[PDB]
């Protein structure tokens, strides 16, 4: 696995080059929001972002070493965590707002258009604030987003001796590499040894909050689906259904 042989600098550079584009929403700015129309915008966007995510995932070192079955389980597990951490990143420089897209910048009050949404908005906003407080750097962001991809689904594997186990090993080797890379960035940034471990922890603890947000957004998305608020694409339907079985 040539990926295991990468330096920290090579890991960072590869992750930066893999970054997906910032997409635009199909927001028609001279039409009144409804619950249905706002949900449509978010799910239309997500659907287009998913195709770009898949090509990004293929570009994360080690991901293409895994089987097709395992790549699927990993993306199925983490897709919404990844979209949300991207959103929180994009929003870093806009206090009080979520930059879903350059033409779709929403504050919490706009979240109230959709029932149950404001609660999720509020968690995303607080995560954005935390990112700002910590002064999260893009090099750290891309590492974290890659940790989510590799980690979130890693224990929902089963165990078929060597087969499942070595896919698990590999993933952990790669995760260990991203840790080394994170530490490297903080050292190059001049943080002390103590600050390095402290910051490493602060950043990883955020992931527990992103998981929480993904769990609640998946519940919320399921609810919108079950209430015929919005038509989901087959892709999004499949991604959502992976969380009900």
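Numbering follows the first chain given and starts at 1. For the two forms, the rigid core is made up of the largest set of C-alpha atoms that agree within 1.5 Å on superposition.
Asks: Between 217-225 and 233-241, pick out the one whose C-alpha positions differ more from the shown form in 8 other deposited structures of this protein, using the rigid core for superposition.
Replies: More C-alpha displacement in 8 other deposited structures of this protein shows up in 217-225.
Asks: Look at the other compared PDB entries that model both sides of residue 157, then say whether a third or more of them leave it out.
Replies: That residue is missing from at least a third of the other compared entries.
Asks: Establish whether the other compared PDB entries of this protein leave residue 166 unmodelled at least a third of the time.
Replies: Residue 166: unmodelled in a third or more of the comparison entries.
Asks: Averaging only over Cα atoms, indicate whether 24-32 or 54-62 has the higher B-factor in the PDB entry.
Replies: Higher of the two, by average CA B-factor, is 24-32.
Asks: Give the stretch, out of 6-14 and 224-232, with the larger mean C-alpha temperature factor in the deposited entry.
Replies: The deposited B-factors put 6-14 ahead on the C-alpha mean.
Asks: Using only modelled residues of the chain, where does the Cα B factor of residue 141 rank: lowest third, middle third or highest third?
Replies: Middle third, going by the recorded CA B-factors of the chain.
Asks: Going by the entry, which third of its chain does the Cα temperature factor of residue 39 land in?
Replies: Lowest third.
Asks: Lowest, middle or highest third: which one holds residue 113 when the chain's residues are ordered by CA B-factor from the entry?
Replies: For residue 113, the deposited C-alpha B-factor lands in the highest third.
Asks: Would the CA B-factor of residue 86 place it in the lowest, middle or highest third of its chain?
Replies: For residue 86, the deposited C-alpha B-factor lands in the lowest third.
Asks: Based on the deposited C-alpha B factors for this chain, I'd like to know if residue 181 is in the lowest, middle or highest third.
Replies: Within its chain, residue 181 is a middle-third residue by C-alpha B-factor, going by the deposited values.
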